[PDB]
Structure formats: structure tokens, C-alpha cells
Amino acid sequence: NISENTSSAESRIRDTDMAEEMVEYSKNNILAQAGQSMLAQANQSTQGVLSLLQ
Amino acid sequence: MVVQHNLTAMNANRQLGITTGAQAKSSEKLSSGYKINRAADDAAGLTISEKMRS
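Per the deposited record, the coordinates in this entry were obtained by cryo-EM to a resolution of 3.17 Å.

The structure is reproduced here in C-alpha cells:
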């Protein structure tokens, strides 16, 4: 009984709740794709110089 | 929930043991035909049964 209850206790401190962590993983995964896309965009912003009375 | 420790199953395991322990101490009494097979079962009852067997 004490071993089951302290396995239950430690498991809650230390184990990944895979449902919670798959929210946090999936947020980051989409943000990275949005940040890559927004960096691909940001490299092309300086293109405007080339038409500028050049 | 957590993948890394199935605690619903560790309870069911620990409770399966507490059931199969009782089941062997029952089965012992049926096969031998004696209720007190060992001194754990009744210390008064073993002691008295030996004085009465005597």
C-alpha cells in the first residue's frame, strides 16, 4: 500500500502527462512553422531597395 | 494521462494479489480438511487443539 501510494505520488511529480505535454508540444510546433514563415518573409523585406532609383 | 506509470493497473495488480492470497489460504483448508493448518490461523486454537488431541 505505501509503495503504491508513494509510486502514485512520485509519478505525479516526475512523469509526463502526455495529454498536457502534447498541448504544449503542438503549440510550439505550429509557432515554429509560423516563425520560419515569418523569417522567410523578413529576409524578403529588404528587396524593396532594388527598385529605389537604382 | 501519464504513459510512464500505469497506476490504475498497479492498484489492480496489488488488489489481485490480496485476492489470490486469501484464495490460497482458503484452498489450503479445503484440501487438508483442517481450518487451522498453521499457527497463524488461531494461536489459541492451535494450542487448545493440541491439548485436546493429546
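Please give an account of the overall build of chain B that cites residues and values.
The helix and strand inventory of chain B stands at two helices and zero strands. By the compact-globule yardstick of 10 Å for 54 residues, chain B is too spread out, its C-alpha radius of gyration being 18 Å. C-alpha atoms of chain B, sized along the principal axes, occupy 60 × 20 × 10 Å. Within chain B, the proportion of its 54 residues that are buried is 4%. When the accessible surface of chain B is split by element, carbon and sulfur atoms take 56% of a total near 4,500 Å². Placing the 7 positive and 4 negative side-chain charges of chain B at their respective mean positions leaves the two points 4 Å apart.

Hey, could you go over the overall build of chain A for me, with residue numbers and the actual values?
Check the secondary structure of chain A and you find two helices and zero strands. Oriented by its inertia axes, the alpha-carbon framework of chain A measures out at about 80 × 15 × 5 Å. Expressed as a percentage of its 54 residues, the buried residues of chain A come to 7%. Summed over its atoms, the accessible surface of chain A is roughly 4,800 Å², and 57% of this surface lies on carbon and sulfur atoms.

Give me the interface of chain A and chain B: which residues, what numbers.
Counting residues at the interface gives 10 residues for chain A, matched by nine residues for chain B. Together, the buried faces of chain A and chain B total about 810 Å²; carbon and sulfur atoms form 56% of this surface. Run the count over chain A and chain B and you get one salt bridge. The partner of B:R14 in a salt bridge is A:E4, and the shortest N-O contact between them spans 2.7 Å. When contributions to the side of chain A that touches chain B are tallied by element, the ones reaching two or more residues are helix 1 (2-14) and helix 2 (18-43) of chain A. Examining the composition of the side of chain A that touches chain B, we find that four residues originate from one element, helix 1 of chain A, more than from any other. Taken together, the residues of the side of chain A that touches chain B break down into two nonpolar, five polar and three charged.

Basis of the calculations
Residues numbered from 1 in each chain as written, not as in the entry; some residues may be left out. Chains lettered and ligands numbered in written order. Part of a larger assembly, values for the part shown. Heavy atoms only, no water. Helix = DSSP H or I, 4+ residues; strand = E, 2+ residues; numbered from the N terminus. Rg over C-alpha atoms; globule rule 2.2 N^0.38 Å. Buried < 20%, exposed > 50% of the residue type's maximum accessible area, 1.4 Å probe, protein only. Areas by Shrake-Rupley, 256 points an atom, 1.4 Å probe, with all protein chains shown as cover. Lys, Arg positive; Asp, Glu negative; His and termini not counted. Charge placed at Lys NZ, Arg CZ, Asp CG, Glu CD. Contact = heavy atoms within 4.5 Å. Buried area = accessible area lost by both parts, 1.4 Å probe. Salt bridge = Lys/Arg side-chain N within 4 Å of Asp/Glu carboxyl O. Nonpolar A, V, L, I, M, F, W, Y, C, P; charged D, E, K, R; others polar.

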